[PDB]
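Only one chain is shown below, in structure tokens, and it's the form deposited in one PDB entry.
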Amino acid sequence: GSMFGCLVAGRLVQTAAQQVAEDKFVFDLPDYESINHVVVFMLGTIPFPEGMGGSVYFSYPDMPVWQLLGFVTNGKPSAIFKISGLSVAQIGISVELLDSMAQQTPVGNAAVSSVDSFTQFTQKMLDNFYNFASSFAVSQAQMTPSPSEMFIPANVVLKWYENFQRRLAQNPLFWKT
């Protein structure tokens, strides 16, 4: 039956999926270049049969190409997936065996966490630093022997970042007021 919902921010919820098989459902995403995230969820009307779950796929025609985004289950009946990166795209939902889904690997870049904003900035801050500062990095063997010339060890970046991750994992709001 009709057990799935598909949502793109700014548009109306889709609840009528084309059934391309007994265990497969497909939504169309028109003008998908505009879309960063998709919300896929169970309608709450029909649960997954025993031992079953949902494998969520995305497809952009080039012909099609199905990339595994993640999963939807009875205990986790909704998810937000990032579509950015990878006119009419498709969202596919395959009803699979749970033990089969357990051996599948969804593409990284698809998962959305409560920490993405903080992680994205910090990584881009350090990348920005690297691209700028590494052009000036030198080994000791390469230095013009100036006794008072000040330097900063490059490996402080990794030590700061590793510390940042530990602090972020323990509390995403360690920095707040």
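Numbering starts at 1 and runs along the sequence shown. Just so we're on the same page, rigid core means the largest C-alpha set that superposes within 1.5 Å between forms.
Enquirer: Our gap detector needs a label for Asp62 to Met63. Which class matches the unmodelled residues of the deposited sequence there: none, 1 to 3, 4 to 9, or 10 or more?
Expert: According to the record, 1 to 3 deposited residues lack coordinates from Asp62 to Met63.
Enquirer: Counting only residues of the deposited sequence, how many between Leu86 and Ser87 have no atoms in the entry (none, 1 to 3, 4 to 9, 10 or more)?
Expert: A long stretch, 10 or more residues, is missing between them.
Enquirer: Hey, which bit's got the bigger mean C-alpha B factor in the entry, 42-50 or 122-130?
Expert: Averaged over C-alpha atoms, the B-factors run higher in 42-50.
Enquirer: Comparing 102-110 with 75-83, where is the mean C-alpha B-factor higher?
Expert: Of 75-83 and 102-110, the stretch with the higher C-alpha B-factor average is 102-110.
Enquirer: Choose from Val13, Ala154, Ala17, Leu168 the residue with the greatest Cα B-factor as stated in the PDB record.
Expert: Highest C-alpha B-factor among the listed residues goes to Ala17.
Enquirer: Based on what the PDB entry reports, which of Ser148, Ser139, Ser135, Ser117 has the top C-alpha B-factor?
Expert: Across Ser148, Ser139, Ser135, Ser117, the entry lists the biggest C-alpha B-factor for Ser148.
Enquirer: Compared with the other modelled residues in the chain, in which third is the CA B-factor of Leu29?
Expert: Tercile = middle for this residue's CA B-factor.
Enquirer: Would you mind checking where the Cα B-factor of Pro172 ranks among the modelled residues of its chain, as the lowest, middle or highest third?
Expert: Answer is middle: the recorded C-alpha B-factor places it there.
Enquirer: Based on the deposited C-alpha B factors for this chain, I'd like to know if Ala21 is in the lowest, middle or highest third.
Expert: As the PDB entry reports it, the C-alpha B-factor of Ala21 lands in the highest third of its chain.
Enquirer: Is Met143 in the lowest, middle or highest third of its chain when residues are ranked by C-alpha B-factor?
Expert: Within its chain, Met143 is a highest-third residue by C-alpha B-factor, going by the deposited values.
Just so you know, the form deposited in another entry exists too; it's not on screen, but the next bit is about it.
Enquirer: Inspect the rigid-core superposition and answer whether the C-alpha of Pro145 shifts by 2 angstroms or more between the shown form and the other one.
Expert: Where the cores coincide, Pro145 still shows a C-alpha shift between the shown form and the other one that is 2 Å or more.
Enquirer: With both forms fitted on the core, give yes or no for whether the Cα of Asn109 moves by 2 angstroms or more between the shown form and the other one.
Expert: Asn109 C-alpha, core-superposed: shift of 2 Å or more.
Enquirer: Please check whether, in the other entry, the CA atoms of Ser114 and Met101 lie closer or farther apart than here, given a change of 3 Å or more.
Expert: Relative to this form, closer in the other entry.
Enquirer: A 3 angstroms or greater change in CA distance between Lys76 and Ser114 is reported in the other entry. Closer or farther than in this form?
Expert: Here the pair is closer than in the other entry; there, farther apart.
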